[PDB]
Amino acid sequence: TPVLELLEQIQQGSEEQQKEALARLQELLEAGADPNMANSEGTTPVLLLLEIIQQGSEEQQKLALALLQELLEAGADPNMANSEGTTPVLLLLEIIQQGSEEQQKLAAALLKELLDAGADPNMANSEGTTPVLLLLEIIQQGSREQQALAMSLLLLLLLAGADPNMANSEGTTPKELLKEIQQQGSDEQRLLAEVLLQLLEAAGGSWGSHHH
């Protein structure tokens, strides 16, 4: 598909070629290009773009926010997962989980774009890992920068409608993971865990009973 190869020519192109990437995508989309056409393995233009961010230079990174808004404005489905079952939001959080501090700041901004585009905050991957459960992993095993960022994004997801009780395939609930963060976490990790544990304990039996 024309869109997918262009994205491949951005990752596999020069830095000066990157200058023409936003314009080329705009002229390709205006020409009637499908912003959702996946390739043989099911990678969508959004997923490949996030994949470029994950493996690209800082120059390729700053380019991708405009390329994502262009794809989202063109009508890309923000919930279309790849063949493995990885949603753009779950791939974004993996970029935060394993990325540099620069990638962390970017994927945080891209997540807001995806939520605005209409991404499902409860859509899990093939293993049942929800966006909330992955953010709790980022808090438990991430840096002090990742702790605060994953903390605010989790509240952002809860406000967006994420349910803090959905478990994964192994039956691991977010509350079970919060107890782990409290038991063996740092002074700051335990504080974040105690906050989230108190929030859950007061609206766990009925999440949304006061959302009026």
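Just count from 1 along the sequence shown to find any residue number.
Engineer: Going by the average Cα B-factor in the PDB entry, point out whether 152 to 160 or 171 to 179 comes out higher.
Structural biologist: Per the PDB record, 171 to 179.
Engineer: Between 9 to 17 and 199 to 207, which has the higher average C-alpha B-factor in the PDB entry?
Structural biologist: Mean C-alpha B-factor is greater for 9 to 17.
Engineer: Just to confirm, going by the entry's C-alpha B-factors, which of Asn165, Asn39, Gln55, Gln184 comes out highest?
Structural biologist: Max CA B-factor in the entry, restricted to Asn165, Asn39, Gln55, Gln184: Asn39.
Engineer: Among the candidates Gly142, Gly128, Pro131, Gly85, give the one with the maximum CA B-factor reported in the record.
Structural biologist: Across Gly142, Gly128, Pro131, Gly85, the entry lists the biggest C-alpha B-factor for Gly85.
Engineer: Lowest, middle or highest third: where is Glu94 by C-alpha B factor in its chain?
Structural biologist: Its C-alpha B-factor, which the entry lists for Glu94, ranks in the lowest third among residues of this chain.
Engineer: Going by the CA temperature factor in the PDB record, which third of the chain does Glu73 belong to: lowest, middle or highest?
Structural biologist: As the PDB entry reports it, the C-alpha B-factor of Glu73 lands in the highest third of its chain.
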